[PDB]
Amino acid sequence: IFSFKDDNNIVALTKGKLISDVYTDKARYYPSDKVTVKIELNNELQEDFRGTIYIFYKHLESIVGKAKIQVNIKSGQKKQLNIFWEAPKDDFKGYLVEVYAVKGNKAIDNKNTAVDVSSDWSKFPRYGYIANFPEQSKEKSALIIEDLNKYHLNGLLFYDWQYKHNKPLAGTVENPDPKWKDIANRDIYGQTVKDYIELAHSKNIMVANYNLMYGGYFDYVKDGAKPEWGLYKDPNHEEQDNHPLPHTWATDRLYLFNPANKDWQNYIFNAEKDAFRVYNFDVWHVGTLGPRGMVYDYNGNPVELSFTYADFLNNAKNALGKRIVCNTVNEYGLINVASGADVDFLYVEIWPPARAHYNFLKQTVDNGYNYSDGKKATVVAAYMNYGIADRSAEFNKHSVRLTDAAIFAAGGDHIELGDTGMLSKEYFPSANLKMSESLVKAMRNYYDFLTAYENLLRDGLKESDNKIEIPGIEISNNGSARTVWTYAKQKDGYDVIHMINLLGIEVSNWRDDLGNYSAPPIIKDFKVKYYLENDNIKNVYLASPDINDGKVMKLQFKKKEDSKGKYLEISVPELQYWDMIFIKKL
């Protein structure tokens, strides 16, 4: 009766009319932790409810637990219901949690959440951000943290919280200044920073401190940095490299330093040590600005910037006793960081206008996997609808979903959600684009999916060369326009096939610069052919954040053979944006 085909499942009639929300107390759980599932009921059935709430805990295709609770709730009344569960003992596992409201012998509402059991964020990063630190009650800060925990975000990057790039702590360790100007002359309140950190930590969220690897203000000599540590655009120390900034900001430019200079390292590590002593950050998120052209140290020797990164980052980790993440802009330095630096995971920011094609969302994640020999996960910053980011306007709910399907299916994570809603540009506080209610609802599904299926998306997978066909439909393996983008991967116990619908896409630009993409065409009851070596295939499944909020469905299939060999012919009921087929092997 919890099956949606079943005549005793009228959920489509009454969806969201009893179950208002479902979420958990934390972002991440240690094995055997108590998990608290929180259910918010709001009876909008215009009728009193006297029934039962069913909860199923699922690991991929399997039921790993269930619970039921009788609940009455009168028309127009609200209630909360908490369900308590012990996280299973296996580390690094994702689960879907399915909640059903049942009256009589019939399911009348359903909503899902997810649970990530991971002892460390670094295998399955789900990075978000906080860009604003105004004076506000701890109570208001707690509400923002609760909002973000809905998406199971397990890391938060605090963007432009610090005082100076070469002196992040305002005041001193013995007496910290409670208020200061950031880079853009915004007011930052230290107590808001501290509150966010504590609230994050109570939900097992890692908190990351943004600063550049190599930046200092116009007046860096006053604070005790030397021109002799600098990075220069010429071999005669005339023009120190720099990042120009708008004239109302705290300094007219950030001057750049040589990361390989040992005096810069000692100086910046000491300044950060002070910041980490006052503000209980877990991570230093080390920013970079990407390739800088031909550059030189003070004495005119050329500097190969990317060759300096790993040494800097490993020394920084040792100096601070904290975790490190480095942003390799446009993959500049990614090979060097992936193979040599003890970073928690890889982080790649795309700046435009190269890397516009959908395939780069996949390929960036593939490069991170290959250059790390499969040891590091990859986070992508890929700012959606960037061409309209100076408009008072909305994120396009279609292109945002396709971009996330592209990154998530490839085994990546997309840094996009935060206190201001969603990122529209590299300056995180810029918030001219808002998420509509429909997009928010999509993101809840997509982030539940990213969590519950993490074991099939980015755990022990290799690329498969088994051929896929979708008879009658144009396909591509690389995100080409007017195709279903499809490719396969394999791991121990499972083969996974992804289908991403670009049939509505005329031009394969993931960014959707006018914010005007449309709903993909919907294909129902079609066939996929998967050319498989082995015969011991008992079951084939599908899950999609577009279909019943990520609930697994068993698919019909047949074993067949034609001129290209043996294959499974898989019956697929529906594709909207993104479907994940998964085949259970031995």
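Residue numbers here begin at 1 and follow the sequence given.
Enquirer: Please work out which of 569-577 and 10-18 has the higher mean CA B-factor as recorded in the PDB entry.
Expert: 10-18 has the higher mean C-alpha B-factor.
Enquirer: Can you tell me which stretch has the higher mean Cα B-factor, 473-481 or 348-356?
Expert: The entry gives the higher C-alpha B-factor average to 348-356.
Enquirer: Sorting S122, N516, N501, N105 by Cα temperature factor from the record, which one lands on top?
Expert: When the deposited C-alpha B-factors of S122, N516, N501, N105 are compared, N105 is largest.
Enquirer: Comparing recorded Cα B-factors across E331, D512, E454, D223, which one is largest?
Expert: When the deposited C-alpha B-factors of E331, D512, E454, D223 are compared, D223 is largest.
Enquirer: Could you place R28 in the lowest, middle or highest third of its chain by Cα temperature factor, using the values in the record?
Expert: Middle third, going by the recorded CA B-factors of the chain.
Enquirer: Lowest, middle or highest third: where is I522 by C-alpha B factor in its chain?
Expert: Tercile = lowest for this residue's CA B-factor.
Enquirer: Can you tell me whether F281 has a C-alpha B-factor in the lowest, middle or highest third compared with the other modelled residues of the same chain?
Expert: Ranked within chain, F281 CA B lands in the middle tercile.
Enquirer: Quick check on the deposited entry: does the C-alpha B-factor of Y159 sit in the lowest, middle or highest third of its chain?
Expert: Bottom third by C-alpha B-factor.
Enquirer: Ordered by C-alpha B-factor within the chain, which third holds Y371? Give me lowest, middle or highest, please.
Expert: Middle third.
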